[PDB]
Amino acid sequence: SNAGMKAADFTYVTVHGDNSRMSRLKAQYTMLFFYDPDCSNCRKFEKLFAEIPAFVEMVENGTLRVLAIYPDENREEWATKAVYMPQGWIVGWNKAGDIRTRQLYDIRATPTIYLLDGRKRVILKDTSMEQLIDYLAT
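For the sequence shown, the numbering used here gives the first residue as 40, with consecutive numbering after it.
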């Protein structure tokens, strides 16, 4: 979805078998993290994120929810690796497949990151680490 818009809603499953809708995840901020289980760029972002203490603290307290979502079809590889994803992140697979089939987000590459606010409005679209830090630390 475009900046300024209500982020498109979708369902997902986690490895612990909970199915939910994104919109049902309450938090002051939601970061969506579109990733692939085989993606060195995803790993590096994941690694850097954990060494920004403000980010780790907002994650711990629940101020910033990370919803890491795999949108493609390799469910086996996804599951194997989900267990290594950053502690505290919700890690989900769009089992319904509608993110791709309806093109709900323009996932140009992995990772693609969106920041959503309290109403699930898109406040940063397809953004970067620099822009996040700057926005969430000012």
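Virtual Cβ for every residue (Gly too), placed ideally from N, Cα, C.
Taking a C-beta distance under 9 Å as the contact criterion, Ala-107 and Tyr-144 do not qualify as a contact pair.
The beta-carbon separation of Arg-141 and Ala-46, rounded to 14 Å, does not stay under the 8 Å limit for a contact. By the neighbour-count criterion, in which a residue is buried when 16 or more other Cβ atoms sit within 10 angstroms of its Cβ, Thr-119 is exposed.
Here the alpha carbons of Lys-134 and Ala-42 stand approximately 25 Å from one another. Straight through space, the alpha carbons of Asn-113 and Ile-172 are spaced by roughly 32 Å.
An exposed status is given to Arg-158, since fewer than 16 other beta-carbon atoms sit within 10 Å of its beta-carbon. When DSSP states are grouped into helix, strand and coil, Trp-132 belongs to the strand group. Excluding residues up to 5 positions away in sequence, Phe-73, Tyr-74, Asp-75, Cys-78, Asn-80 and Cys-81 lie with their Cβ nearer than 8 Å to the Cβ of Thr-149 in the same chain. According to DSSP, residue pairing for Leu-106 in a beta bridge involves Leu-71 and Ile-129.
Judged by DSSP in its simplified three-state form, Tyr-51 adopts strand. Annotated three-state conformation of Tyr-153 is strand, per DSSP.
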